[PDB]
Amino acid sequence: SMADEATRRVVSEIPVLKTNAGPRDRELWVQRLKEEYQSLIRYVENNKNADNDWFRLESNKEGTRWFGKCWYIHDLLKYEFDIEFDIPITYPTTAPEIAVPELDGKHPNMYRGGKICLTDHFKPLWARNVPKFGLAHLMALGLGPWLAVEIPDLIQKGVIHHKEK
């Protein structure tokens, strides 16, 4: 299928995850977090080699709340957006909801709180890969393509302005 190949192309070279554990699952959750950090750092390293170093993420000590920044280049200007998400108790079966709080407020493909709205193909894709996909895959298959539609649209519509210096 086209969908299978497109997924393979994007998540090529991102380490797969193993453990089906969420925030309440003690030693198994600690192990899941090692897999999450190992996948994220390899994805970042790959992105640097691709000249597409487009995000940073940090977590709290328990790994249940994540926050950082993403960058998007449009007509050679770089745009920065703060991002954040909580880990659902039923992670990794359930995907986290990424918020871009500065874009909160009646914009296409978003919910209240600035939660990004992904297309319907993302949720079944995630479901059929549990528990192999993690936060690196959420960024690569979720937020990444979202930005490539929504940021150009919001710049064209004069919603987003670049800050001089």
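So that there is no doubt, residue numbering starts at 1 and follows the sequence shown.
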remark   = Comparing 49-57 with 112-120, the higher average Cα temperature factor in the PDB entry belongs to 112-120
request  = Between 102-110 and 29-37, name whichever shows the higher mean Cα B factor according to the PDB entry.
outcome  = 102-110
query = By the record's CA B-factor, is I83 among the lowest, middle or highest third of residues in the chain?
reply = lowest
task = Classify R65 as lowest, middle or highest third according to the C-alpha B-factor given in the PDB entry, relative to its own chain.
result = middle
message = What third of the chain does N20 rank in for C-alpha temperature factor, lowest, middle or highest?
response = middle
